[PDB]
Amino acid sequence: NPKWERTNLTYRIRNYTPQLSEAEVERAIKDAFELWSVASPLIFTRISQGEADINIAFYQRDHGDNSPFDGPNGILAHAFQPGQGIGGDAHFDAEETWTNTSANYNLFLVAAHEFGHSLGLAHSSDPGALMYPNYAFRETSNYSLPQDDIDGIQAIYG
Ligand SMILES: CC(C)C[C@H](C(=O)NO)C(=O)N[C@@H](CC(N)=O)C(=O)NCc1cccc(N)c1
Ligand SMILES: [Ca+2]
Ligand SMILES: [Ca+2]
Ligand SMILES: [Zn+2]
Ligand SMILES: [Zn+2]
């Protein structure tokens, strides 16, 4: 069970997707972290430059870590479990159409899903869970964490 042994974690958005404004990309990311924050003792702080615990980046195909993206659709992103260096970092497929809407692919929902991995959760077999393996759009305004995921972070931290 890899877990962060620190509660206030920093993050850094190294690059952006042209698809959305910078504000929208940052709001997506911010709200995705809040989701996990309200069900745990974790506190997230954004840094504009520097070494952050969780780096966030939009990459294309081969991007230096031995797990290349695959073009439109398919693999949308991946994250590494808690740890130093690459640990907890999250990568998003730059070749996807990233949206703020119901249209594939909603950046807030994918980000929320990746941050679960970054915090130490694995995929869930519960189809109503965020950590379920396949993407599904769900209303995002006033979105809250499904109960299975709450059970998930709570079991790791408090
Ligand atoms: C190596 C890939 C096969 C797995 C990868 C994964 O689950 N990363 O977290 C992934 O991108 N899975 C896709 C599977 C798919 N295209 O349906 C995905 O949508 N993952 C993210 C996801 C899943 C569930 C909910 C939400 N919001 C997002
Ligand atoms: Ca892809
Ligand atoms: Ca890291
Ligand atoms: Zn990667
Ligand atoms: Zn996943």
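No lab work stands behind these numbers, since they all come straight from the coordinates. Neighbour counts run over all protein chains shown; Cβ positions are idealised from the backbone, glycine included.
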> Given a cut-off of under 8 Å on Cα pairs at least six residues apart, what relative contact order in percent is computed for the chain?
Replying inline: 25 percent
>> Using +1 at the C-beta of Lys and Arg and -1 at the C-beta of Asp and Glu, which of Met131, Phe44, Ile153 has the Cα lying farthest in the positive direction of the dipole of the chain?
In response: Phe44
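In debye to the nearest 20, how big a dipole does the chain give about its Cα centre with +1 on each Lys and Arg Cβ and -1 on each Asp and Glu Cβ? It would help to have the intermediate numbers written out before the result.
On the way: 9 positive and 21 negative charges, 59 e Å.
Charge dipole of the chain: 280 debye, to the nearest 20.
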>> Quick check on the chain: helices-only [θ] at 222 nm, where DSSP H runs of length 4 and up contribute -39,500 (n - 2.57) each and the sum goes over total residues. Nearest 500, please.
In response: -7500 deg cm²/dmol
> Once the dipole of the chain is set up with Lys and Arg at +1 and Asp and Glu at -1 on Cβ about the Cα centre, which of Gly83, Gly71, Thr7 lies farthest towards its positive end?
Replying inline: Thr7
> Contour minus end-to-end for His123 and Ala23, with contour as 0.36 nm per residue of separation and end-to-end as the Cα-Cα distance?
Replying inline: 33.1 nm
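Hey, what does the equivalent ellipsoid look like for the chain, semi-axes from the Cα gyration tensor as sqrt of 5 times each eigenvalue, largest first, whole Å?
Listed largest to smallest, the semi-axes of the chain are 21, 19, 16 Å.
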> Alpha carbon centre of the range 104-125 versus the range 128-158: separation in Å?
Replying inline: 8 Å
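Filter the GluC sites (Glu not before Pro) in the range 95-149 to those in DSSP coil with at most 16 other Cβ atoms within 10 Å of their Cβ, and list the result. Intermediate values should be presented prior to the final figure.
Numbers: sites: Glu95, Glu96, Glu114, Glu139; in loops: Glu95, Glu96, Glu139.
Those satisfying the criteria are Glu139.
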> Can you pull out the chymotrypsin sites (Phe, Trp or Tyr not before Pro) in the range 80-149 that DSSP calls coil and that have at most 15 other Cβ atoms within 10 Å?
Replying inline: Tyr135, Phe137
